[PDB]
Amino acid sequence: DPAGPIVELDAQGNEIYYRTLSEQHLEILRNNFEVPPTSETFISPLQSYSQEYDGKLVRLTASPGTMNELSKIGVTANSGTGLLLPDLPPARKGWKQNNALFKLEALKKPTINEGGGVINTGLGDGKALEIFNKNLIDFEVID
C-alpha cells in the first residue's frame, strides 16, 4: 500500500523524481545541472508530496538504475521505513556523506497515494547526491 521508492518512468525508461527548491538552489540547477545540498536533500517518487511545499516545483529525470544504485548504500530513517525495507541497515550519524536515507512520510494524507504513504529518498550531500547528480538527465519546472 505504501508508495514505493520509485513509481514513475519516462516513455524512454528514465527514473522520475520530484523536489521543491529555493530560488538560490534553482539558479544552480539551471546553471550547474546539480541538485544543491541541504540537510537530507529529499527527492520524492510522487509529485503530490513535493507539490505540498512552497517554492519552485521541479520534475527530475534520472538515469535508469539510479534508485538501485542508491539502495546499495541505503539506510532506513525510522521504523516505518525499517519495516518496509527490512534489508537495509539503520541510519547512523553521518549518513549524509556516504548513504541514501529512505524515509516513509505523509501517511494518512488523502492527496498522496490515497493516504497510503510515500518512501522518499534523502541524498544528503555525499555519495547519494553524487550518484543522483551524475545520473541526472533533465529537469522541468512546473510553474
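In case it trips you up, residue 1 is the first one in the sequence shown, and so on.
Stretch comparison (22-30 versus 90-98) by mean CA B-factor in the PDB entry places 90-98 on top.
Higher mean CA temperature factor between 58-66 and 108-116: 108-116, per the PDB entry. Per the PDB record, residue ranking by Cα B-factor puts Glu130 in the middle third of the chain. In this PDB entry, the Cα temperature factor of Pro45 sits in the bottom third of its chain's modelled residues, the lowest group.
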